[PDB]
Structure formats: structure tokens, C-alpha cells
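> Mind folding the following:
(chains A, B, C, D, E, F and G, ligands or ions: 2)
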Amino acid sequence: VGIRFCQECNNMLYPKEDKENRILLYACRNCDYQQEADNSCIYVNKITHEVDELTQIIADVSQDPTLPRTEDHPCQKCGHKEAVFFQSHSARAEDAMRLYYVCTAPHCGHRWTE
Amino acid sequence: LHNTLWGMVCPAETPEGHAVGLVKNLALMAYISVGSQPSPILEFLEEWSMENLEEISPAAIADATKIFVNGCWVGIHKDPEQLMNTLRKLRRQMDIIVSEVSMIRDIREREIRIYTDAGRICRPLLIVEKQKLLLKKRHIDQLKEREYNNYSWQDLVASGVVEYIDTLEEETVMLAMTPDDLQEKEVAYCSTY
Amino acid sequence: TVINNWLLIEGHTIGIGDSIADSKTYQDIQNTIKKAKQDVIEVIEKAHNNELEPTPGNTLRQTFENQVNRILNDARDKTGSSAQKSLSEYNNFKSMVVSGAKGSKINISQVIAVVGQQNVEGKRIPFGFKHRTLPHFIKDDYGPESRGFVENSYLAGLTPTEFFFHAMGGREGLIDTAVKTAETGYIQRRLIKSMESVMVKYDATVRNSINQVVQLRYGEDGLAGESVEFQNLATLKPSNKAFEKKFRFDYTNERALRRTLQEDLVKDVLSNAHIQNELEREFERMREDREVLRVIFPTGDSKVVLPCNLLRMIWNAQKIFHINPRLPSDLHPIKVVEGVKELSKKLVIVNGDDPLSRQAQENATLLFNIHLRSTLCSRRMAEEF
Amino acid sequence: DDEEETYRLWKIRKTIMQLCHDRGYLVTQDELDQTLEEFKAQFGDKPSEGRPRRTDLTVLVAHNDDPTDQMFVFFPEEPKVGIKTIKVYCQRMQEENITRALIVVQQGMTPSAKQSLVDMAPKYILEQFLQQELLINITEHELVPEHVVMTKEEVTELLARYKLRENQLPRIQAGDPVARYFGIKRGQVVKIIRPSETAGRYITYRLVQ
Amino acid sequence: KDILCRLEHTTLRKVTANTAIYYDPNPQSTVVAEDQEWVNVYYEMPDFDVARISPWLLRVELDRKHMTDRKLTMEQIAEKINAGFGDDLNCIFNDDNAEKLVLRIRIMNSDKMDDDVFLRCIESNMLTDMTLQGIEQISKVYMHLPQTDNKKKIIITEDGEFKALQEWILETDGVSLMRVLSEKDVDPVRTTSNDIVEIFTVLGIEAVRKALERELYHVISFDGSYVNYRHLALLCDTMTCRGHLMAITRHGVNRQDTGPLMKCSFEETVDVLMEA
Amino acid sequence: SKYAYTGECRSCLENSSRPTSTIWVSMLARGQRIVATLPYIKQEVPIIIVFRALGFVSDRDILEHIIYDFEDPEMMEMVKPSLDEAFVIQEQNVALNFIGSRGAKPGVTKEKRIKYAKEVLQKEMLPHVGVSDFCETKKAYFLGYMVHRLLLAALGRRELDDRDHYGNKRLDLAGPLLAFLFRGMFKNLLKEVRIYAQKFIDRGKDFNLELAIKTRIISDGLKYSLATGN
RNA sequence: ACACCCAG
Ligand SMILES: [Zn+2]
Ligand SMILES: [Zn+2]
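Numbering: from 1, shown residues only, chains lettered A, B, ... in the order given. Ligands and ions are numbered 1, 2, ... in the order given. Shown next is the protein structure:
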């Protein structure tokens, strides 16, 4: 889910098995640094790639003059009537033809997909 | 015939046989950029709030927009809204930036690309602000008396009503077709021209 | 010479008045385009919100593109049929399409009603810009105007966005013309230098340069393609009841034979028993005629290619001899059977008295003797011909 | 599996029994139209170490032209057949003095076994098949026309008629699936009857080389 | 549709939602919450399954939407693992009614490459080159009722008239003929393919010539243009004269027993004259 | 081929005599390692090697140059095979040795190929970023942006830049074309006036400069060109 | 040799 970096030689940690206690042990394999972690996860893979597109949409897209604007869908936590809607149109998104709405008010980067 | 040959490559004129599609011709208003020094633009950016590339840490890049001048990474910025409003105003006023210089903002990637080198192909377009042309009637009446007045196309560009837009800036422009239509009060297609 | 010099009197022309439609047709065309635009907008609205169920075999985006293209093609066909419905007989665009001299029905539809959807590389106009076909449209616009549909006609004039999309389909047709020609010319070269030495030898066996048999007879029948025509086999389509009715010479029902044959001919047919045995031998051979074609032709396609046009040279024989179809004939049915048997022995493709040669001769002209026995049977010659 | 294996064993038996009948070998009508539950009752229904074992479907048939010219049909147990197992079946053919035999191999043979099929080729004719290749009959396909193997006396009649040499005829490879089906060797000529949409029946001849 | 579900190649890339690997040594406690209920149910001393096994745990879950649209179960997957891998792997499956359809994989007990990357490497093998049900090199398979007699079957009734029925025809993507013909409830007479090479190596040399004539007539007569059968038969008999598919290129025409002078007029001019 | 999602950064310095140099950074197909195609080097090298050659040797500095935000694991996942490929190299000097051993001109001593590899790492690697002794942090940031553009396209986060887009094209008019001729033509004139002056000063006559320069190189070079089309 | 260009 995430790997920290070495405190001694600034390299990348890697999993290692120890027989003294049988606990997960992230060990840097360049130097001899040792570290015990608590996440207890090594590798996760999104096979159907259900990645939340709402986080990857940049909140500053709402001021693009080339994007359409409609007042039909108002902002949820902002209350502004008009907003900017678009499609992601990217790979690893299956159909990728469902609208994502971004509020156009300044200092409000709320994105909802409806 | 690619989609971005609009306005600066003729869609009709093309030779036949083995050469079809490869030998193209400029449009009527196409103006290939002659080239300029990137030193005044780089001097303006370092004078502004832009931080230098070696000055920053490799941790503030994620929440900032990279600045590209002639394809070279030169630093980052934290206020891209004010930078484009300043850069576009300075090109229209023709103060320090030559009118052939094209600045492109890729908001979905957070990149700013300023191109200055020769070889770019540009065409002139009018300027629309708040759904109104900046080309008022006083510009037409001055241009209708083009001689004995020392008023020409160069004074129209310096008045801030006509910009030169290349194909790469046309990715991020919303271009009105004709002022007779599409710029009035009806069922709205796009209110930000 | 005769037609052109009459054309000096009648004359023929084309003009603007051959493209103008009346006010009812233009209102009907504009109503269909407006309804089709509303249908596409409804589909896009049904596809933006997750309400469109994907058809099996393809993704949602290709399902959406198939549905939009189906509506726009139905729009072009409906506005096309509306435009040619209101064309007068004096219209000269119709005068050169129904004659097939030049042009087609889609050309009149493009001139009068709508140019139609314009495609580059199979699909519609792509997103050459960042998710836009042209800078004049909004981002992520899958509507008809933005993606290439031309709602105007040549007579009305194309809008500047539609003009540029027309220059794309026109260019793509020109790129296809140059690339296909350079490829097909190499296909043509390779295809024939491999077999330019293949020649029909004097023993009627197709052989190559090194004298290896490619085909035992040319085209498996020994007949050149110049003197063969499209014909119809009459004993492949009808059922068993219809075949027995229309192809068996009924030795009973003497009233019918009096209507079709003369008095001396019908007396010989009924009295003799050897003639009835021969006519029954014809029909049982015609049942094996049918069963062979059921094996050869499983799809029932009775349009085959054969040298002599049996249905036409019979019509030739009716006209040159002034044959009256109302009066009864004087042709003996056993003379027909002996005549067909003698004719079948007189047409040779594989010559020789060897049993191997006789088997190849029977197989080479098998399908022609199927058609010869079917068309020149006793029942059809006594009733129809 | 059990039901899938006993269906596969029944279907591969019906095809190879049709293979024997197409070669002119003495095959009764009962063995040709062997219904599935008739095979289940006669042999078994649990071939996974049960009554219908792999070495039980041995078929002995004889030529109609010559009674002492016979056939073996073999189903070896091992998925890969090797020199030692081949040498066992050679002793069985030496004991029962029958030359021609078929070995239906489930998952291919060793490269050494492949070279030993042709080692005693002019003494013992030993040709092979995969299990999936004999699982369905290929002659019954509509693309494959009805092949006929024609005797050497009829070949000499053919060459004297058309005044041809042996190499002037069209060719068919010995490794062709129809060629392996009929058990033809090099030098034989196969009479081939096809339906044509321009002449009817058309007969062409192919030599094995 | 049953023929569709069993001919089509189904892999774990099309049925699994997401996968993960963990470390939890004792089966009595795991980091994931909704697991320990049916883990203890399946570990009520299940003979060999509790042993000196390595602590590394592979936890993969399958999305219910694709699982219902493909109609499998955990029983079919379990013996597919036990046949593909044997006793080298231990598989534990959960109940069907659970929202999180969790499938658990562990490595065998007596196991120089470590298990932290062995379980990574075999997980890639499970989702790339493992077949759940179906036969390989088949990307998709379709269904459609025919309306024209190009693919429509035609029978002869008792009356003898040609009756055009409406059967179901499967069209695939990717070619593998030797096992589709081998499949139960599949017609072994009219089943064909557009691949010339596999027709030759499965059905013979006369079948590949008949198939050559079919696809060559289909590519030309689609436009409505007519070309006589004699020119079709002459090319198909020239290209299949020698018993192998004599491709019309330098690699097939310059390799036959003809004279060298029209070989060098064809292609390869200097190189043929060197060989001659 | 073996390359899926290749990269291209054809680069030339402003008013520099050297022509454009391509620095194709490619990802290998599944059959995910990132390799590079540095100029004046025969076969490909891993991208983490040239990062360690540039001066930044720790894996924290390399991934801070490439991966701008460490929160997302996806881009950190595809850079993992590249780090595993470059486990052998651990110093800057040995990274320079590996680059110089694969060069077009193989050196003799260890310091010979290190100096040659440092020359191509500095003067022919991204000349538009900068050609100077201390312009190496800017080069690695651009090489960090090299891989970051590659990882985004492999993830599909941004659309791949097609070649036929005409904003990705430039037009050489008579200006840049004639300046390209006058690049080497003035270089050829300065080369010959150097050997002519050296010939008259080796033996001690000194030289008259007005007769040292011939008006024949620039005149023929600009008249043979624009006429023959060469 | 190269460019340009005619016809399909
Ligand atoms: Zn460390
Ligand atoms: Zn808001």
C-alpha cells in the first residue's frame, strides 16, 4: 500500500521474513538497515481498475474557457448554480463516457460525479 | 487532412499522385513565426513570483505548475491564474513580449508552455471579452481611411484587439465562428468565448 | 448515330432548376434533420448519465457510436427518399439516374437534401485537438454538427465547419486512390507472373510451363467463358408435388392430350406400351437428376452458368417457325426422348471410348445434361413450348 | 472427469472404426452405429481406473480382399509413448503376425519414438495420431471431398490414357490429414471427386509425394 | 448460450476485482476484518491444510458482476487450482452469499528463491496463462440470427421444398479449429474458419482449396461485381497444385521446379541466377 | 518490436553548431523496464543508470526527480522494475564506467571512458537544457520529467501525443535554412584561415590577414546550394 | 540524378 525510504542510505525498503518472531520486516537490501512495519501488506493490484477518478481531477479545471457550463446541476457544498462538466476520456477507465462535474466558483474545488 | 490544419494550411490545394497530402500550402492569413530571443521572457518570469528550478525542493512540484520556455524547464509557479492574465495582457500591449510568442496553459496537466523559437505557424484572430468584440466601430472608421492617416495593421495589433494564435495555442482557445451569430442571447452553446 | 441525331432535336441539359425543390420538400427535410438532431441529443443525454445498456460484443463507446451512426444514416436515407419523391419527370437529375448513364440516387440526395455523415478512416471525425474536432466547438461534444454531420446540401451551401469536414472525406478518398493503386498494381503483377505460362494444351488439359496438370479440363468443364450465360435450373426449387405435376408426362387424362397433341399422335401414345415405358424411364432419370443437384447445390441457388441458353433458343424456334401456341403440336414425345439422347451423345468434352474417358465425359457435361433433360423434357415441350 | 472421458472414448472409437471401414476393412454395422449408452453398458462408465481401461479398446479387423491381412488398433495408457512401450507392442505384433497397426496417442510422443515409427517402416507399418485429431471425423466435413484410394492397376490405366508421367500429376503431402486418415504411402494416387457449380461432378487425381 | 460460456476463453483477468498479498502467519488472526469468521470454519483441523506452511498469504477477490455474467462458482475454480498446481498450492474458498467474495491462496509447507517473490511470480501466472473454462486463443464469441442465405442453413422437408430455417450461429475472434470441431453439441460438418493456414493443417489440401475458393469469392462478390468461376478455380488449383500452400510471393513462386529465367524475371533477379 | 510506449525528445540548442540529438526513452513490452537510447552510444542503457551518472545516486533523490507525489502507488509500481535492473550500480563513477563502456569509441583506461562518458552526458545529452560544467541538476529534472511523461502515458492519465498533430511541427523557411548553411560555412572558413595562418607562422613569415581569407568558400557554398538543391 | 507535372 506504500513503502517508506531508508533512513541511512536513502534507498527503498523491501519486505523480508525473519524466523525469530515471524513478523513483517521491511529491510533495505543495499545497506544493513532494519525496520519493523505494521501495515502488513506488500502488494495490491487494481485488476478491474476501479480507481476513483474524483481524486485525479484537478480542481483548477473549472476556469478553462473551452469547457461547457450548465446551471442544471448545482454545487453541493458550495451552492453555486452553474458548474463545469466533462468526460475523463482516458485509458484504464472501461467505458469512460460518464460525466464528471466541477464547480466553477473560486475557492471551491468540489468535484461530484453524480 | 488533420483536424488542426484549420486556418493556416489550405484544405483544398494539394497536388495529385505520389505527392498527395505531403505538399501543402499556407492559407491566406497564415504567418510563420520568425523567431525571437527568449531572454526578455525569462527575465520577466524571474522578476515575477516564479521560483527558480534549482531553488525549489522536489516536493512542491506536485501542487504547482511547471513553466516551459522554448521547451526548457525553467521553474515552477504557484499562481497560474495571475500569470496568464499578466502574460496575455503584456502581449496585447506589446510591451516586452513580441506578438508571435505563444503561451499555452495545459490545466489538466498543470503545465505552462511558452514558445518563442522560429518555425511556428500563426494566424490572426480577433479578441472577445465578455461576449463582446474589442474591435469597435472606431477601429473600422480609422481603417477605412487607411491612407493620409498612418493607421495600418500594425496599429491594430498594438491596440490589443488582434492576437496571433498558433495551432498549439488553439488547443486551449474557444474560438467564435462569426460575430453575427453565436455571440448573442439565445439557447447558450458556450458563454465563455 | 440515330440517337445522337434525334438528341439534336429533343436536346438534353442540366441546370439550377434541376436541383431546386419546392417549399414543401425543404420544410420536410428541415423537420427530419431537426428531429434527427433531437434524437442524437437524446442519445447523448441518455449516455452521459449511466442509463445506456451496452450491446453485447462491443464497449459502451462503440455502442454509442453505432447508435448515433444508425440514426444519422436513417436521417440521410429518409431525407434522401423525401427529396427524390418530389422530383418531376422533367427533372434532368432523375433523367440521367434512371437511365444509369451517369450518377446515382445518392448523388441527388447529396445535391438537394443533405450531404450526410462524413467519415475519415471508417469512424467519424476524430479529436485532433484536445478532445475537440475544431476550436469552434466545446470540449467533449459528441453531437452531429461537431463530429462531422453536414446538415446542409450542395445547393444551400456548406457552413465553414462542414466545409472543412468535407475536405477531410475528400482528402481521404484521394489518399485511398493513391495507396490502393500502388498496392493493387503489385497484387496484379504477382498474381499473373505466377501463372502466365498456364495454357490449355491440345489434349484439353490445363498445364503449366513444366507440363504439370493443373486442371484436367479448363474450368472443370472445358468451356471458355466468352460463350456462357446466366441461366436457371427448373428442377431444383420446386417441391416433390410440384415437380411431379410439371415434369411427368401423364399417359392418362386423354382429354389433356387431345388439347396438346394431334389425333394421330395421341393414338400412338395411348395404344403403345413401349412409349409409356420410355416416358417413365425419363421421369425416373429426372428424379436422379433432382437428387444429384440436391447434393451439388445445398443452398438452392438455381442461377448457374451454362453455355447454351435453352430458354431463349426455344423462343427463337417459336418465332422463326411461326409456332402457334394455341393449336396442338405434331411432335412425338418419343422423338423428343430419342432427340435428347442423341444430342447428349453428340456433345463431347472428354473424347474417347475408354471407361475412364467415358466417366470423365459424363462428369464434365453433367450439369449441362441436367439442364438439357429438364428444359427439353416431354411434358414441357407438349404443354408450354 | 468420468462422464466426459467415457464420452470422449466412445466418440474417438466411432471415428477410428469409421477410419477402418473407409479403408476397405471388415466392419459390421453394429460397431459403426454404436450408441453411447450401448458403449456404456458393454464396456463401462468410469474409465478413471475402472472397467473401461485404456488398454481394452483394442480392435481387430481384417481386409475384405484378403482375410489374413489384418489390423491392430492400440490405445496406450501413457500420455507420452516412448521406445520401451513401442517395443512392447512390436513384440505383440510379432507374436500375432499382423503388420499394420494404429497407436492413438493422448498427448504426443517422444522425438526418439517418432524416429522409431519409421525405423521398421518397410517391415512393420506403424502410423500414429493424436487423440484430438481422431476425436472427430474429418471426411464428414463439407470442405473435404470424398477421397477414393485407387489401385495400382487403375493408376497404370490412368497414365496410359492421359499420357502423363508420375510427377506431372498434382501432389498431396503424406502428412496431410486426409492422407493420414486413409493410410496412404508415397507413390499412390488418390482419386478425388468434387461437386462443382459449373460442371457438376469433377474428378481430379493427386499423387503422394 | 451454454456453448458460448464453455467455448470462450475465461481467465482471472476478467473475473477478479482486485488482488492482494499479506503476511499474517497464524490463521487465527488476520489483518483483514471480514475474514476470520469463515477462516476458523475452514480450519477446524482440516487434516493437511494446517501444517508447517509459509506465512505468506495471497488473497484475491472476484467481482460479483462479472462472476454472475459468466456463471461460474468457487467449486469450479478450486479444482481448477488443484489440477493446475496440484499439491503445491492450498486453496480456501468462502460462502457465495458474502458481499466480499474472498478467495484465499497459500503455498505448500516444505518451501533458493524466497516466497515473497515466488507468490508474486505465480500470481502473475494465474492471471495471464491460466484457463478457468474454455479453450485458448479465442478473444470473443458472438451470436446473431441470420437473415440471408450466406450463413443460413437450408434443409429439405418431406414435401421437398427448400425451407430456410433460423438457427443460432456463433462467430468467434481468433482461430482454433481442432478443438471447436472436437467440442460436444457443435456441428462437425458446416463449421469453418477464415484462416487458410489452419484449415490446411486440420482438414487437408482439398479442403483448403475449397476454403480458398470460398473466401476468394466472398471478398470479390461483396461489392456486387461478378467474376467467373473459371478464373477462381484456376488460381485456387494453381496455388494448391503442389500439395502445399504455394503463396503468391517470391517465397512460393520462385521455389517451384520451373526454369530459372522466369524466376529472375519475377523477383530476386541476381540471387536466382546465382542459384541457377 | 520490444518497445511499447516509446518516448522522443529530439532536442537542439539555440544557435549551436551541433544538429539535433534524439534521447528516446522507451519502455519494454510485457511479452516493464525503462531504457534509454543516448546518442553516441551503441546499445540501450537503463534509465536509472543515467540518473546515477548525472550525480544523484540515492534512490530517494531519483524518485523525487521522477515521482512528484508519493501518495499514488501506481507510478511507484512501474518504476520498481527499473530500480531492480540497476541494483548492480551503486556509485556515480561506476555508472560513468558503464556508460562509457558501451560508447561508440571504447576507451583503454578506466579514466578514459569515464571522461568520454562524462562528455556525452554533458555536451550531447539534452543540449537545450544546458551545456556547462555545473548544469546537471536541470538535466536530471528534465530527465525526471522524461520518465514522468512516460509513466503517465503508460497509466493512460494523459493522451499520447500523435505525430501528425501540426502544433508538434515547425517550418524551416529561408531564415533557419540559410543559417544552417552559414553555420558550417563560416566554420569552414575559420578552419582554413587557421591552417593558412599556422603555415606562415610555423616558419616565421607572420601573415597578412586580408589575403589569408578567401572569398570562395561562402560564395560557392551559398551559390551551389539554393541552385542544385543539395 | 533530382524536382515539377499529365492520365487512371
Ligand atoms: Zn538503506
Ligand atoms: Zn462550489
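> Only C-alpha atoms from now on, for both contacts and neighbour counts.
OK.
> Surely residue D:148 is within a strand?
Yes: assigned with DSSP: H, G, I helix; E, B strand; the rest coil, residue D:148 falls within a strand.
> Contact partners for it?
Residue D:148 makes contacts with D:190, D:191, D:192, D:193, as judged by C-alpha atoms under 8 Å, 6 or more residues apart in numbering or on different chains.
> would you list the residues you listed in JSON lines and tack on distance to residue E:112?
Conversion of the contacts of residue D:148 to JSON lines gives the following (distance: C-alpha to C-alpha, whole Å):
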{"residue": "D:190", "distance to residue E:112": "60"}
{"residue": "D:191", "distance to residue E:112": "63"}
{"residue": "D:192", "distance to residue E:112": "62"}
{"residue": "D:193", "distance to residue E:112": "64"}
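> who in chain F is up against ligand 1?
Neighbours of ligand 1 within chain F, by C-alpha under 5 Å from the ion: none found.
> where does chain F come near chain A, residue by residue?
Residues of chain F lying near chain A by C-alpha under 8 Å from any C-alpha of the partner chain: F:58, F:59, F:60, F:73, F:155, F:156, F:157, F:158, F:159.
> Most neighbours among the contacts of residue D:148, which one is it?
residue D:190 (22 neighbours; other C-alpha atoms under 10 Å in any protein chain shown).
> what about the residue nearest in space to the middle of chain A, distance to residue A:102?
The centroid of chain A falls nearest to residue A:55 when counting by C-alpha atoms, centre = their mean (5.5 Å). Distance, residue A:55 to residue A:102, by C-alpha to C-alpha, to the nearest Å: 12 Å.
> now swap in residue D:72 and tell me
When residue D:72 is compared with residue A:102 (using C-alpha to C-alpha), they lie 79 Å apart.
> what's the neighbour count on residue 104?
Because you didn't say which chain, this covers chain A. Using other C-alpha under 10 Å: residue A:104 sits among 25 other residues.
> Correction: the question concerned chain F.
Neighbours of residue F:104 (other C-alpha under 10 Å): 12.
> Also the one 3 residues further on?
One way to gauge burial is a neighbour count; for residue F:107, by other C-alpha under 10 Å, it gives 17.
> Name the nearest residue to it, sequence neighbours excluded.
residue F:113 (4.9 Å; C-alpha to C-alpha, 6 or more residues apart in numbering or on different chains).
> Find the closest residue to ligand 1 in chain E.
Across chain E, the shortest distance to ligand 1 (C-alpha to the ion) belongs to residue E:116, at 19.2 Å.
> Hmm, that residue is touching residue A:14, no?
No: applying C-alpha atoms under 8 Å as the test, residue E:116 and residue A:14 come out as separate, 9.9 Å apart.
> Neighbour count for those two, which is higher?
Neighbour count, other C-alpha under 10 Å: between residue E:116 and residue A:14, residue E:116 has more, with 20 against 17.
> any idea whether the more buried one is helix, strand or coil?
Looking at residue E:116 with three-state DSSP, the answer is helix.
> Give me the neighbour count for the residue nearest to it when sequence neighbours are not counted.
Spatially, and ignoring its direct neighbours in sequence, residue E:116 is nearest to residue E:56 (7.0 Å; C-alpha to C-alpha, 6+ apart). For residue E:56, the neighbour count with other C-alpha under 10 Å is 20.
> next one: residue C:323
The number of residues packed near residue C:323 is 13, by other C-alpha under 10 Å.
> In contact with it, which residues?
residue C:317.
> Please repeat the previous calculation with a cut-off of 10 Å.
Listed by C-alpha atoms under 10 Å, 6 or more residues apart in numbering or on different chains, the contact set of residue C:323 reads C:315, C:317, C:329, C:385.
> Skipping adjacent residues, who's closest to residue E:212 in space?
In space, residue E:212 is closest to residue E:236, 6.5 Å off (C-alpha to C-alpha, 6+ apart).
> Remind me which helix or strand residue F:148 belongs to.
Residue F:148 is part of helix F:137-155 when elements are defined by DSSP states H and E.
> Against which helices or strands is that helix packed?
strand B:72-77, strand F:25-28, strand F:34-36, helix F:47-53, helix F:59-66, helix F:74-78 (3 or more C-alpha pairs under 10 Å, 6 or more residues apart in numbering or on different chains; DSSP states H and E).
> tell me, what's touching residue E:116 and residue A:14 both at once?
With C-alpha under 10 Å, 6+ apart, residue E:116 and residue A:14 have common neighbours residue A:42.
> circling back to that earlier point, next, give me the two most distant ones among the contacts of residue C:323.
C:315 and C:329 (15.4 Å; C-alpha to C-alpha).
> Of those two, which one has the most company?
Ranked by neighbour count (other C-alpha under 10 Å), residue C:315 and residue C:329 place residue C:329 first, with 18 against 12.
> those strands in chain D, which residues are they?
Using DSSP state E, the strands of chain D run over D:59-62, D:70-74, D:101-105, D:126-130, D:146-150, D:171-172, D:189-196, D:200-208.
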